[PDB]
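For reference, the chain that follows is the form deposited without the DNA, supplied as structure tokens.
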């Protein structure tokens, strides 16, 4: 059964810690508790794991952002939902942030284009909601604000190690990052 899930979770942890190039498929097997030849029943190579991890996360973030905006009762609730969604992602998946930043170039060209397309469309969901909320907002300003918020929230791999896996650390980090994000978007809004 979900030996497939155990291999993906090990690949995610090891790619984040050591980087894609330094990690061997059998290291992923080892960490998952899958014997060397058993690994190749699930994945042919390292590249196939990286493709699944990054094509996966980028498509799911885009789908999640669309779901948030679809289910939102008004535009203010849509922006609040997008902030809460990205916050949960940054605190819960710091490993996938680190990998998608540092190892995008190791994807096959087709997978790289898929990931960059899903990233661009995720940004467009935020830009669309920001401009609808602030009819004065230029495209270029909305893009600057959205990228600034992703930069703020996606800092979690630098700030959050094994240490802050305590639930009290997670909720404190979440509250501080949410307050920073909401204040940053308010200041941008009153400056344009």
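So that the term is clear: the rigid core is the largest set of C-alpha atoms that superpose within 1.5 Å between two forms. Numbering follows the first chain given and starts at 1.
Same protein, other form: the form deposited with the DNA bound, not shown, and the subject of what follows.
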Segment assignment from 153-161, 132-140, 58-66, 36-44: heavy atom within 4.5 Å of the DNA in the deposited bound form: 36-44
State the residue from 25, 10, 184, 173 whose non-hydrogen atoms include one within 4.5 Å of the DNA in the deposited bound form. 25
Mobile residue between the shown form and the other one, C-alpha criterion 2 Å or more, rigid core, from 53, 65, 34, 130: 34
